[PDB]
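Engineer: Sharing a structure here in structure tokens format.
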Protein chains: 2
Amino acid sequence: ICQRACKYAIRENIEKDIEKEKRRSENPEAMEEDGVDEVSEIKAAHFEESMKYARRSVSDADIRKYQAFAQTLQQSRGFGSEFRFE
Amino acid sequence: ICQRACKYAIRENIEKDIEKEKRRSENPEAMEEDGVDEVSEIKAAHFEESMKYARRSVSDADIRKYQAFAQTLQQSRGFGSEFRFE
């Protein structure tokens, strides 16, 4: 999820760069003013786009098998509190 | 489909050539006039003849298996639009 979120923010960054290059091609002689470059961050929209491709490799059936094994191991009952010395 | 269409146009071309050879055998001494040779192209009739032997190797069941795998991979739902920060 993090990889894909960074990846979508990354596409956003490169698209902004490509638009900047297009603008410079439009006005190559236009001196680049000291415009504060927008901070290239990882925003929530790209987290949304990443989770749109979120996966869950493990199903509840696999966890059911795991807890079945855990139960076959546990088998603990009876003397939890019924034991005390005279 | 393209191979068979070209192939049938190709049979047409060779049949025309064979008929020309037969005519020349009939009149070997007949000087070959400057008759514009018919343009040996790939026409729609031979595309019809080729598609008459068109195949589809993949059935809808194979694509159903592929999309079943794609669904087992996708498993994406729930938080497409239900998530937003305060």
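By convention here, the chains of the structure tokens are called A, B, ... in the order presented, each chain's residues are numbered starting at 1, and ligands are numbered starting at 1 in the order presented.
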Residues within 10 Å of region 39-41 of chain B, please, as a ChimeraX atom specification. Count only C-alpha atoms; anything in the same chain fewer than 4 positions from it doesn't count.

Structural biologist: /B:6,9-10,12-14,16

Engineer: Would you put the residues from that selection into a file with N, CA and C atoms, as a CSV table (one decimal), in the first residue's frame?

Structural biologist:
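The new file result.csv reads:
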```
chain,number,residue,atom,x,y,z
B,6,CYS,N,-4.1,-13.7,-47.6
B,6,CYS,CA,-3.1,-13.6,-48.6
B,6,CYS,C,-2.9,-14.9,-49.3
B,9,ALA,N,-5.7,-15.0,-52.0
B,9,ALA,CA,-5.4,-14.1,-53.1
B,9,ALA,C,-4.2,-14.7,-53.9
B,10,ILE,N,-3.3,-15.4,-53.2
B,10,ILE,CA,-2.2,-16.0,-53.8
B,10,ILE,C,-2.5,-17.1,-54.8
B,12,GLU,N,-5.4,-17.2,-56.2
B,12,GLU,CA,-6.0,-16.4,-57.4
B,12,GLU,C,-4.9,-15.9,-58.3
B,13,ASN,N,-3.8,-15.4,-57.8
B,13,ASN,CA,-2.7,-14.9,-58.6
B,13,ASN,C,-2.1,-16.0,-59.5
B,14,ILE,N,-1.9,-17.1,-58.9
B,14,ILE,CA,-1.2,-18.2,-59.6
B,14,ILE,C,-2.2,-18.8,-60.6
B,16,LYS,N,-4.5,-17.1,-62.3
B,16,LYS,CA,-4.4,-16.1,-63.4
B,16,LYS,C,-3.1,-16.4,-64.2
```

Engineer: Give me, as a PyMOL selection string, the contact residues of chain A against chain B at a cut-off of 8 Å, counting only C-alpha atoms.

Structural biologist: chain A and resi 48+51-57

Engineer: Please identify which residues in chain A DSSP calls alpha helix (DSSP H) from the backbone, and express them as a PyMOL selection string.

Structural biologist: chain A and resi 2-26+44-51+60-74

Engineer: Work out how far CA of residue 47 (chain B) is from CA of residue 3 (chain B), in Å to one decimal.

Structural biologist: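 Computing it gives 9.6 Å between the two atoms.
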
Engineer: For a quick check of understanding, using only C-alpha atoms, which of B:36, B:18, B:31, B:44 has the smallest distance to residue 4 (chain B)?

Structural biologist: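 So, comparing all the options, the nearest one is B:44.
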
Engineer: What is the distance between CA of residue 2 (chain A) and CA of residue 45 (chain A), in Å to one decimal?

Structural biologist: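 Taking CA of residue 2 (chain A) and CA of residue 45 (chain A), their separation equals 12.6 Å.
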